Amino acid sequence: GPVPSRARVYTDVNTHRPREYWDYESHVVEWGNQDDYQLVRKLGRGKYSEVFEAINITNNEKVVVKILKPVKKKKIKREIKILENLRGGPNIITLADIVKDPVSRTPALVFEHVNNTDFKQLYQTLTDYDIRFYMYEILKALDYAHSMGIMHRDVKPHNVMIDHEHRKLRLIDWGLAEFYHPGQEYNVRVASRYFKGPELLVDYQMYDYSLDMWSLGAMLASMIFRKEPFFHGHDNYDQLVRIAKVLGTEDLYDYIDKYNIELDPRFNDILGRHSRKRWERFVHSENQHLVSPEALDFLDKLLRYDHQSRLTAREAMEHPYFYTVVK
C-alpha cells in the first residue's frame with residue numbers, strides 16, 4: 001500500500017492537548033443573542049452557507065454573518081471549534097459570536113468585518129513590495145494555525161480578505177480546516193481545483209500542513225506572473241497535467257514512487273512526458289516588475305510535488321524574498 005507520511009513540524013502537537021481541544025464533536029456551542037444583529041445585504045452563498053453583511057445594533061459595528069447550511073453536520077462544530085481555538089492569533093479572522101438564526105434554525109457565525117477589494121481587481125494593482133508584504137501577513141496566519149495543530153485546506157484568494165487602505169489582512173473560511181493527527185487519513189476532496197496540491201490530485205490521503213504551502217505557492221505564482229490561475233485545469237485530472245507541464249513528469253513519478261502511490265490509470269493517455277521548466281519561462285514584459293531572483297527561488301521552494309520537501313510556513317518567513325519588507 002501507500003508509504004506513510006508525517007508532518008516534519010508541529011507533528012505531535014494535538015497528542016499533548018486535552019482531548020477537548022481537538023475532539024470537536026463533544027464541544028458545547030455557546031450561544032449569543034440573535035436580536036443583536038440586523039442583516040443588511042446578502043454577499044454570497046457558498047457551498048455550505050449564505051453570507052451576509054450585517055450590523056451589530058448594540059455597538060453599531062459592521063459584522064459578517066454566515067448562516068450555516070451543511071449536510072455534513074459535523075462541519076458545524078469543527079469550524080466553530082477551530083475558530084475558537086485560533087481566535088486572537090495573527091491575521092486569523094475573529095469569530096465574534098454564534099447565534100441561532102430563527103428562519104434557518106441553524107447556527108449563524110458572526111465574524112469581524114473586513115473591508116475587502118475583489119482580488120481580481122485588487123491583484124492587478126499590487127506592487128512587488130505589496131505582494132511581499134501581504135504574503136508575509138498570510139504566512140503569519142498559516143504558521144499560527146499549523147503551530148496550533150490545524151491545517152486550513154482551502155487557501156485561495158477568495159479566502160484572504162484584504163483592507164488595502166489599512167494594509168490589514170485576514171485569513172477566513174475555516175470550514176474545510178482540520179486537526180492534524182500523525183498517521184490520519186484525510187479526505188482528498190478539499191480545496192478549490194486551481195489550488196489543490198499534488199497529494200490531493202494523486203489521491204494521497206496522509207497529508208499535512210504542507211498542503212497549505214502548495215496552495216500559497218499557487219497563489220504566489222498567479223500574482224508574480226499575472227496569470228490567473230497559474231495552473232488552469234479543466235477538471236482535477238487535467239489539473240495534474242497542467243502542473244506536470246511546469247514541474248515535469250520525472251519528478252512527478254519520483255514523488256509517487258517515493259510514496260508507493262500509483263496514478264489513476266486514466267493518466268496513461270493524458271499525462272505525456274514533460275520536462276521541468278525554468279521559471280523564467282513565465283516572465284515577460286508585463287510581469288517583469290514583480291519578478292526577482294528571490295521571488296523565483298521562494299516560489300520554487302513552495303511548488304514541490306513532495307509535500308515533505310516544501311518550505312514550512314516558518315521556513316518561508318526566513319526567505320530572502322522578505323528581507324525588503326519592513327518589520
# chains A, B, ... in the order shown; residues from 1 in each chain; ligands from 1
$ select_by_dssp --residues "stretch 159-266 of chain A" --states "strand (DSSP E)" --output "ChimeraX atom specification"
/A:160-163,168-171,178-179
$ write_last_selection --atoms "C-alpha atoms" --output "PDB file, in the first residue's frame"
ATOM      1  CA  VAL A 160      -7.850  36.124   2.048  1.00  0.00           C
ATOM      2  CA  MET A 161      -9.594  39.367   2.947  1.00  0.00           C
ATOM      3  CA  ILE A 162      -7.513  42.484   2.469  1.00  0.00           C
ATOM      4  CA  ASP A 163      -8.399  46.007   3.612  1.00  0.00           C
ATOM      5  CA  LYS A 168      -4.934  44.693   7.010  1.00  0.00           C
ATOM      6  CA  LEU A 169      -5.264  41.040   6.059  1.00  0.00           C
ATOM      7  CA  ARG A 170      -7.342  38.166   7.458  1.00  0.00           C
ATOM      8  CA  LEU A 171      -7.427  34.504   6.564  1.00  0.00           C
ATOM      9  CA  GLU A 178      -8.915  20.062  10.093  1.00  0.00           C
ATOM     10  CA  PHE A 179      -6.874  18.989  13.061  1.00  0.00           C
TER      11      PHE A 179
END
$ residues_around --residues "stretch 237-245 of chain A" --least-positions-apart "6" --cutoff "7 Å" --atoms "only C-alpha atoms" --output "ChimeraX atom specification"
/A:198,201,231,271,274
$ residues_around --residues "residue A:99" --least-positions-apart "3" --cutoff "10 Å" --atoms "only C-alpha atoms" --output "PDB file with N, CA and C atoms, in the first residue's frame"
ATOM      1  N   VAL A  29     -21.701  24.257  22.052  1.00  0.00           N
ATOM      2  CA  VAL A  29     -21.739  25.594  21.483  1.00  0.00           C
ATOM      3  C   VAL A  29     -22.265  26.576  22.526  1.00  0.00           C
ATOM      4  N   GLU A  30     -21.590  27.712  22.641  1.00  0.00           N
ATOM      5  CA  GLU A  30     -22.120  28.815  23.438  1.00  0.00           C
ATOM      6  C   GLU A  30     -22.813  29.820  22.521  1.00  0.00           C
ATOM      7  N   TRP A  31     -24.063  30.131  22.858  1.00  0.00           N
ATOM      8  CA  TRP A  31     -24.944  30.930  22.010  1.00  0.00           C
ATOM      9  C   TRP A  31     -25.098  32.361  22.515  1.00  0.00           C
ATOM     10  N   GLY A  32     -24.994  33.322  21.607  1.00  0.00           N
ATOM     11  CA  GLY A  32     -25.328  34.704  21.895  1.00  0.00           C
ATOM     12  C   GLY A  32     -26.784  35.019  21.567  1.00  0.00           C
ATOM     13  N   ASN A  33     -27.087  36.307  21.413  1.00  0.00           N
ATOM     14  CA  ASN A  33     -28.442  36.801  21.207  1.00  0.00           C
ATOM     15  C   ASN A  33     -28.628  37.220  19.763  1.00  0.00           C
ATOM     16  N   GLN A  34     -29.437  36.463  19.029  1.00  0.00           N
ATOM     17  CA  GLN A  34     -29.619  36.757  17.616  1.00  0.00           C
ATOM     18  C   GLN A  34     -30.190  38.153  17.384  1.00  0.00           C
ATOM     19  N   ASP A  35     -30.963  38.676  18.322  1.00  0.00           N
ATOM     20  CA  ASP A  35     -31.546  40.007  18.139  1.00  0.00           C
ATOM     21  C   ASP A  35     -30.535  41.151  18.177  1.00  0.00           C
ATOM     22  N   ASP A  36     -29.283  40.846  18.512  1.00  0.00           N
ATOM     23  CA  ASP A  36     -28.219  41.831  18.435  1.00  0.00           C
ATOM     24  C   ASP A  36     -27.859  42.194  16.980  1.00  0.00           C
ATOM     25  N   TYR A  37     -28.293  41.396  15.998  1.00  0.00           N
ATOM     26  CA  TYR A  37     -27.771  41.534  14.633  1.00  0.00           C
ATOM     27  C   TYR A  37     -28.890  41.791  13.627  1.00  0.00           C
ATOM     28  N   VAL A  65     -22.127  37.814   8.780  1.00  0.00           N
ATOM     29  CA  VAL A  65     -22.856  36.696   9.334  1.00  0.00           C
ATOM     30  C   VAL A  65     -22.918  35.573   8.314  1.00  0.00           C
ATOM     31  N   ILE A  67     -24.621  32.069   7.740  1.00  0.00           N
ATOM     32  CA  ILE A  67     -25.693  31.236   8.258  1.00  0.00           C
ATOM     33  C   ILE A  67     -25.460  29.856   7.683  1.00  0.00           C
ATOM     34  N   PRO A 102     -33.326  32.438  13.387  1.00  0.00           N
ATOM     35  CA  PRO A 102     -34.687  31.971  13.641  1.00  0.00           C
ATOM     36  C   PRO A 102     -35.385  31.433  12.402  1.00  0.00           C
ATOM     37  N   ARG A 105     -33.015  28.157  11.441  1.00  0.00           N
ATOM     38  CA  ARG A 105     -32.901  27.314  12.642  1.00  0.00           C
ATOM     39  C   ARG A 105     -31.558  26.586  12.720  1.00  0.00           C
ATOM     40  N   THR A 106     -30.554  27.195  12.102  1.00  0.00           N
ATOM     41  CA  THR A 106     -29.195  26.684  12.111  1.00  0.00           C
ATOM     42  C   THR A 106     -28.259  27.717  12.732  1.00  0.00           C
ATOM     43  N   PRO A 107     -27.029  27.293  13.052  1.00  0.00           N
ATOM     44  CA  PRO A 107     -26.120  28.285  13.609  1.00  0.00           C
ATOM     45  C   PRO A 107     -25.719  29.315  12.578  1.00  0.00           C
ATOM     46  N   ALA A 108     -25.571  30.536  13.068  1.00  0.00           N
ATOM     47  CA  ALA A 108     -25.057  31.640  12.284  1.00  0.00           C
ATOM     48  C   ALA A 108     -23.811  32.132  12.994  1.00  0.00           C
ATOM     49  N   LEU A 109     -22.696  32.066  12.278  1.00  0.00           N
ATOM     50  CA  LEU A 109     -21.432  32.519  12.815  1.00  0.00           C
ATOM     51  C   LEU A 109     -21.268  33.988  12.485  1.00  0.00           C
ATOM     52  N   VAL A 110     -20.922  34.765  13.503  1.00  0.00           N
ATOM     53  CA  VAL A 110     -20.775  36.208  13.375  1.00  0.00           C
ATOM     54  C   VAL A 110     -19.277  36.537  13.454  1.00  0.00           C
TER      55      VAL A 110
END
$ closest_residue --among "A:289, A:132, A:234, A:258" --to "residue A:320" --atoms "only C-alpha atoms"
A:132
$ residues_around --residues "stretch 144-150 of chain A" --least-positions-apart "4" --cutoff "7 Å" --atoms "only C-alpha atoms" --output "list in words"
residues 10, 13, 14, 86, 89, 90, 140, 177, 178, 179, 180 and 209 of chain A
$ residues_around --residues "residue A:306" --least-positions-apart "3" --cutoff "12 Å" --atoms "only C-alpha atoms" --output "PyMOL selection string"
chain A and resi 5+7+197-200+202+204+207-208+210-211+213-214+247+251-259+261+301-303+309-311
$ closest_residue --among "A:64, A:55, A:76, A:142" --to "residue A:315" --atoms "only C-alpha atoms"
A:142
$ select_by_dssp --residues "stretch 50-185 of chain A" --states "alpha helix (DSSP H)" --output "PyMOL selection string"
chain A and resi 74-86+119-122+128-147
$ closest_residue --among "A:324, A:49, A:104, A:85" --to "residue A:128" --atoms "only C-alpha atoms"
A:324
$ atom_distance --atom1 "atom CA of residue A:141" --atom2 "atom CA of residue A:83"
12.4 Å
$ residues_around --residues "residue A:325" --least-positions-apart "4" --cutoff "12 Å" --atoms "only C-alpha atoms" --output "tab-separated table (two decimals) with N, CA and C atoms, in the first residue's frame"
chain	number	residue	atom	x	y	z
A	128	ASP	N	5.26	44.99	-6.37
A	128	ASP	CA	6.17	43.97	-5.90
A	128	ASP	C	6.24	44.00	-4.37
A	129	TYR	N	6.46	45.20	-3.81
A	129	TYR	CA	6.54	45.35	-2.37
A	129	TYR	C	5.28	44.83	-1.68
A	130	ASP	N	4.11	45.20	-2.23
A	130	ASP	CA	2.85	44.76	-1.65
A	130	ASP	C	2.67	43.25	-1.67
A	131	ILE	N	3.08	42.59	-2.75
A	131	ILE	CA	2.96	41.13	-2.78
A	131	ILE	C	3.79	40.53	-1.64
A	132	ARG	N	5.03	41.02	-1.48
A	132	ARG	CA	5.87	40.50	-0.41
A	132	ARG	C	5.19	40.76	0.94
A	133	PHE	N	4.73	42.00	1.13
A	133	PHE	CA	4.13	42.39	2.40
A	133	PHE	C	2.93	41.49	2.76
A	134	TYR	N	2.01	41.32	1.82
A	134	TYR	CA	0.83	40.53	2.12
A	134	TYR	C	1.13	39.05	2.21
A	135	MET	N	2.07	38.54	1.40
A	135	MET	CA	2.47	37.13	1.57
A	135	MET	C	2.98	36.88	2.98
A	136	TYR	N	3.77	37.82	3.53
A	136	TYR	CA	4.30	37.69	4.89
A	136	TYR	C	3.16	37.67	5.90
A	137	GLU	N	2.16	38.51	5.67
A	137	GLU	CA	1.00	38.51	6.55
A	137	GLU	C	0.24	37.18	6.48
A	317	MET	N	8.97	32.26	6.05
A	317	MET	CA	9.19	33.58	6.64
A	317	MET	C	10.67	33.95	6.75
A	318	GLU	N	11.57	32.97	6.72
A	318	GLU	CA	13.02	33.22	6.76
A	318	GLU	C	13.56	33.57	5.38
A	319	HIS	N	12.77	33.47	4.32
A	319	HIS	CA	13.32	33.52	2.98
A	319	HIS	C	13.77	34.94	2.61
A	320	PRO	N	14.85	35.07	1.81
A	320	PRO	CA	15.30	36.39	1.34
A	320	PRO	C	14.26	37.24	0.63
A	321	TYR	N	13.23	36.64	0.02
A	321	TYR	CA	12.15	37.43	-0.58
A	321	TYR	C	11.59	38.47	0.39
$ closest_residue --among "A:295, A:118, A:151, A:26" --to "residue A:323" --atoms "only C-alpha atoms"
A:295
$ atom_distance --atom1 "atom CA of residue A:184" --atom2 "atom CA of residue A:267"
26.7 Å
$ closest_residue --among "A:246, A:172, A:9, A:283" --to "residue A:225" --atoms "only C-alpha atoms"
A:283
